[PDB]
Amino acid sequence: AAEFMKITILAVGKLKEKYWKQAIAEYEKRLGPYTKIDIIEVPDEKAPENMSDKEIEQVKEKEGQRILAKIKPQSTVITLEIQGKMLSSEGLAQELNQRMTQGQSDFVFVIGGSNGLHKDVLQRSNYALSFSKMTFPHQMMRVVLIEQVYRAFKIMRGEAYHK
């Protein structure tokens, strides 16, 4: 218990709108006293409309190589996958708290680019996490995720906010 948790949001591409940036800064600020959190962005390939199957795969492969070069073998990797496992807000806090009680302290949340994640990234994942059956765009998704991490930490500390 001599260590605070470490949360990394590892995402593909930069945010393009000032309002998403402002939302993320506010949740980073709110999460500051509870965990070290940092956001790491890696280059996104250009994503035209209707590319071939081949081209989609190559985009995911290039982005995947960048994502994997930023991940250490000992980190607990949680990949955001539409078709991953669904958890309630109390369920996400339970899963992180359980892993923390088990000694895990370095969590890396991974967000794919517009075409999703390469099989090698999905294979390295220690937990596939779905936020919904719906498809969220990657910029907004980053905000939704950090707000939910904020929520999970309030629940874990048993502090008011989740109504």
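Note that residue numbering follows the sequence shown and begins at 1.
As the entry records it, the average C-alpha temperature factor is higher for 94 to 102, out of 94 to 102 and 130 to 138.
Mean CA B-factor, 52 to 60 versus 32 to 40: the higher value falls on 52 to 60.
Of all the options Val108, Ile111, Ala69, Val121, the entry's greatest CA B-factor is assigned to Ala69. Among all modelled residues in this chain, the alpha-carbon of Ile9 has a temperature factor (C-alpha) in the lowest third. When the CA B factors of the chain's modelled residues are split into thirds, the value for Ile146 lands in the lowest one. Per the PDB record, residue ranking by Cα B-factor puts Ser89 in the middle third of the chain.
Per the PDB record, residue ranking by Cα B-factor puts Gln74 in the highest third of the chain.
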